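Let me begin by presenting the structure, written as structure tokens, before commenting on it.
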Amino acid sequence: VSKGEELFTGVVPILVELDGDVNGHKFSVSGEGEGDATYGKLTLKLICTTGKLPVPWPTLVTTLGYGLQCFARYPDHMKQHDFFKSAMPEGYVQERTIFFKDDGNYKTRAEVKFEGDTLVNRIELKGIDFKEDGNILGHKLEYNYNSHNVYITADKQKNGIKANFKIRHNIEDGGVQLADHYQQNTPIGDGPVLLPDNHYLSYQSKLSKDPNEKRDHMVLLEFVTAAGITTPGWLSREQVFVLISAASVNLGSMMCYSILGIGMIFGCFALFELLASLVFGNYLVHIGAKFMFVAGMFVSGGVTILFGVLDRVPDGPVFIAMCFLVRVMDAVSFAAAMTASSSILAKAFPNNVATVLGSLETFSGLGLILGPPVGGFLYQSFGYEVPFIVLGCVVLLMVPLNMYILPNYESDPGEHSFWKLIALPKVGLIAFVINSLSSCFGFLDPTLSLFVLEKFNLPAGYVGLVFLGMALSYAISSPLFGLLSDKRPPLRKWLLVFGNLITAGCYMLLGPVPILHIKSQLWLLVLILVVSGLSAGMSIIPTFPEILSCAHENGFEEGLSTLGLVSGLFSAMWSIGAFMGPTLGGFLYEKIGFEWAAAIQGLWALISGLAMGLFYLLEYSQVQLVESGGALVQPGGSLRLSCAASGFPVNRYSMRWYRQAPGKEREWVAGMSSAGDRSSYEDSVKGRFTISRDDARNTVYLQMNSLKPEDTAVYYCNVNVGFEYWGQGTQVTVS
């Protein structure tokens, strides 16, 4: 890792210029765009100035957009195999030979270098031996480009790298055109360059037309990732430092909450907890996540030190000015700590999101089980003021160690507001889920001790024990359901919608309803409490990656600002639930007992769960393609394969059928256009294969007869609606 990565953290403007001729016809292209190399996202607007440009727009893309190799996202183990960022304080030179099957070739020479802040790619193009009625010069290619893999090897004699890749251009009749790209990259200066090992880059592209351009134009969007080299399988110092910091803050805050665990005060706590969470999660990058984290721990230590001074303060005008201020600073410190820790922990682990928060809640359960014992151990020994000041000493002394260990993540300020994120329906229904669960919990806290002591004559140690058992069940069930949420994202939603329903079931049999006619017994109470903790811990974990993936789907820019907004919403809905729960729960208690109030809370949970079920069975549209028809037949047989696809109209889009023999690569076999009048096949499948469509069933059929034993292969189904979606594949063996 040289200095050249330093320029590429952030958004870079891009100027691209092309001066080319194809068979004597000349064209010139100028373009401007922006690019990000931390995530690897590229956006270019390209305009032709000469006139009607002869060659199609996709076949220029790899000349124009792929030349910005230096905005690739290299993961953490790959950074010692980076060449494009290594030789770019000064630039590089890219030569490329592009062979078209049954046609001519492109020869391109490009120079990529910084001018000031901007990045300039100056490209020269030459084309040889194109048919005037062919695929390229006949404008037969489709405005559609798909995903590919670029293979890079080193070349130590020229101090540069070589690259090979192969590209399929979709043709409107149904065919594909295979372009073989051979690429040579050479640094300009004689500085220290970083020679890499063998690795491949995945390229996902999307072409668009701007709605308000009258000249020739193209909008090119690109996602680039790097892979190929195996991993040790463990964590770098960034992730381990974030884990130690999160464990320390959770253990310290649960010590502070546990060892020391009016109406206007209780209102103002949650009231302004909501407001502080909103303002602090909205303006995350303006203050700083590191500064918010250390300031939150410092202010929480100040609260737990100055908490203990209230016994020395007489009641009067000084008492209200101290207690109001301590309550307000407790609320702001909790909001800041929770928001900053969630943002940093989500940023450090981008893929393993739910698992690490589940492990953090396990550390919270450990805090809960080891708070009151050492609290009583110090209380019986020294008194009531010494444990407070020694815990304040621990929380203050963790801060100077925390300053060096936490990393700095600096990002650009956000542009989308909070009203952009809150104005979605799935966000609102998941918010109602969180609000109902937090209200369940707020009602369940104060009433249970009175109810158990009133019906079964049992002291407060037992209700403390069942609260501890509920939170211990939540601490066990949180990491497992977080792990299952991460490994299978499509089962996230049914891990949520069912779970609240199970919670509703626990609020039916918590107090045995007189409609139900079940005899009261306290083992039923403790069993329903453990099952309720399990269902609540199962529900509370998948809400964070679901809202994060929804915001990433609906155009929120990747960075700390999106995580800050999701964390702020999460804490906001927790605060609204914890405010609305105890108030109406106590009111319905003093009206009509605990027994019907538990049923009312279960009814809110039931309504929220059925709303989730109705929404998730009335919105689902994902483009997946299922394949069927694998069998075995002696040579001479016949067979019919089926590709069933949702999420798009099949009659409006083209369809293709591909074939991978074991040991060989993928080859095109069949293609069907949109109008359904034309089809195209390969030479070895011509006349003995048919492609067909039943658009009422949304199914694409391929019939084969006279099967030679050269067709033993896995068959794939190909559609592209902006990104290509590959099928599942069927194995056909002809022995």
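Residues in the structure tokens are named by chain (A, B, ... in the order shown) and by number from 1 within that chain; ligands are numbered from 1 in the order shown.
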Discussion item. Need to verify the contact set: residue 691 of chain A, 10 Å, only C-alpha atoms, exclusion of same-chain residues closer than 3 positions in sequence. Can you return it as a PyMOL selection string?
Written reply: chain A and resi 640-641+655-657+670-672+679-681+700-704
Residues of the last selection are to be written out with C-alpha atoms, as a PDB file, in the first residue's frame.
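Contents of out-v6.pdb, as written:
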```pdb
ATOM      1  CA  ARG A 640     -37.871 -30.650 -22.982  1.00  0.00           C
ATOM      2  CA  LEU A 641     -36.393 -28.148 -20.525  1.00  0.00           C
ATOM      3  CA  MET A 655     -34.354 -14.811 -23.626  1.00  0.00           C
ATOM      4  CA  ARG A 656     -31.257 -16.958 -24.106  1.00  0.00           C
ATOM      5  CA  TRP A 657     -30.191 -20.546 -23.415  1.00  0.00           C
ATOM      6  CA  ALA A 670     -30.349 -20.524 -28.248  1.00  0.00           C
ATOM      7  CA  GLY A 671     -31.874 -17.065 -28.440  1.00  0.00           C
ATOM      8  CA  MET A 672     -35.379 -15.624 -28.734  1.00  0.00           C
ATOM      9  CA  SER A 679     -34.903 -16.995 -33.201  1.00  0.00           C
ATOM     10  CA  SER A 680     -31.273 -18.007 -33.545  1.00  0.00           C
ATOM     11  CA  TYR A 681     -29.196 -21.095 -32.753  1.00  0.00           C
ATOM     12  CA  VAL A 700     -39.491 -20.471 -21.789  1.00  0.00           C
ATOM     13  CA  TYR A 701     -39.226 -23.956 -23.287  1.00  0.00           C
ATOM     14  CA  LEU A 702     -36.383 -25.691 -25.122  1.00  0.00           C
ATOM     15  CA  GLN A 703     -37.101 -28.928 -27.005  1.00  0.00           C
ATOM     16  CA  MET A 704     -34.239 -31.147 -28.152  1.00  0.00           C
TER      17      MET A 704
END
```
Discussion item. Set the distance at 7 Å and use only C-alpha atoms: which residues neighbour segment 199-209 of chain A once local chain neighbours fewer than 6 positions away are removed? I'd like the list as a count of residues only.
Written reply: 24
Item to complete: Apply DSSP to the backbone of this structure and, from segment 496-664 of chain A, keep only the residues in helix (DSSP H, G or I); write these as an NGL selection string.
Response: :A and (496-509 or 522-540 or 543-553 or 560-616 or 650-652)
Worksheet item: Of the residues A:389, A:625, A:179, A:448, which is the one nearest to residue 585 of chain A, using only C-alpha atoms?
Response: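 Of A:389, A:625, A:179, A:448, the one nearest residue 585 of chain A is A:448, counting only C-alpha atoms.
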Item to complete: Kindly indicate which residue among A:282, A:105, A:2, A:212 lies nearest to residue 568 of chain A, using only C-alpha atoms for the distances.
Response: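 Of A:282, A:105, A:2, A:212, the one nearest residue 568 of chain A, counting only C-alpha atoms, is A:282.
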Worksheet entry | One-decimal distance in Å that lies between atom CA of residue 109 of chain A and atom CA of residue 95 of chain A |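 Separation between atom CA of residue 95 of chain A and atom CA of residue 109 of chain A: 4.6 Å.
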What's around residue 31 of chain A at 9 Å? Count only C-alpha atoms, leave out sequence neighbours fewer than 5 positions away in its own chain, and write the answer as a short mmCIF file (atom, residue, chain, number, x, y, z; two decimals) with N, CA, C and O atoms, in the first residue's frame.
```cif
data_model
loop_
_atom_site.label_atom_id
_atom_site.label_comp_id
_atom_site.auth_asym_id
_atom_site.auth_seq_id
_atom_site.Cartn_x
_atom_site.Cartn_y
_atom_site.Cartn_z
N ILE A 14 -14.20 12.92 -13.43
CA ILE A 14 -13.60 12.15 -14.51
C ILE A 14 -13.88 12.83 -15.84
O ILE A 14 -15.04 13.15 -16.15
N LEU A 15 -12.84 13.04 -16.65
CA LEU A 15 -12.95 13.54 -18.01
C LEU A 15 -12.41 12.50 -18.99
O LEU A 15 -11.26 12.06 -18.85
N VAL A 16 -13.23 12.10 -19.96
CA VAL A 16 -12.88 11.08 -20.94
C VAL A 16 -12.98 11.68 -22.33
O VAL A 16 -13.96 12.38 -22.64
N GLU A 17 -11.99 11.40 -23.18
CA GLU A 17 -11.98 11.91 -24.55
C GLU A 17 -11.55 10.81 -25.52
O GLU A 17 -10.54 10.14 -25.29
N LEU A 18 -12.32 10.64 -26.59
CA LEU A 18 -12.10 9.61 -27.60
C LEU A 18 -12.02 10.24 -28.98
O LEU A 18 -12.90 11.02 -29.35
N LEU A 44 -20.63 7.71 -15.59
CA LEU A 44 -20.13 8.56 -16.67
C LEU A 44 -21.28 8.98 -17.57
O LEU A 44 -22.14 8.16 -17.91
N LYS A 45 -21.29 10.25 -17.98
CA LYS A 45 -22.14 10.71 -19.06
C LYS A 45 -21.25 11.02 -20.26
O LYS A 45 -20.34 11.85 -20.16
N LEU A 46 -21.52 10.34 -21.37
CA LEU A 46 -20.70 10.43 -22.58
C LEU A 46 -21.54 11.01 -23.70
O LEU A 46 -22.69 10.60 -23.91
N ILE A 47 -20.98 11.98 -24.43
CA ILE A 47 -21.67 12.67 -25.51
C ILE A 47 -20.78 12.63 -26.75
O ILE A 47 -19.59 12.97 -26.68
N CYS A 48 -21.35 12.22 -27.88
CA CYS A 48 -20.66 12.30 -29.16
C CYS A 48 -20.90 13.67 -29.78
O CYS A 48 -22.01 14.21 -29.72
#
```
Practice prompt. Find, counting only C-alpha atoms, the residue in A:175, A:288, A:499, A:252 that gets nearest to residue 409 of chain A.
Written response: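 Under the stated criterion, the closest residue is A:288.
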Discussion item. If I take atom CA of residue 241 of chain A and atom CA of residue 289 of chain A, how far is one from the other in Å, to one decimal?
Written reply: 14.8 Å
Worksheet item: Using only C-alpha atoms, which of the listed residues (A:355, A:383, A:647, A:300) sits closest to residue 620 of chain A?
Response: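 Nearest candidate to residue 620 of chain A out of A:355, A:383, A:647, A:300: A:647.
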Discussion item. So the first atom is atom CA of residue 628 of chain A and the second is atom CA of residue 169 of chain A; what is the distance between them in Å, to one decimal place?
Written reply: 26.6 Å
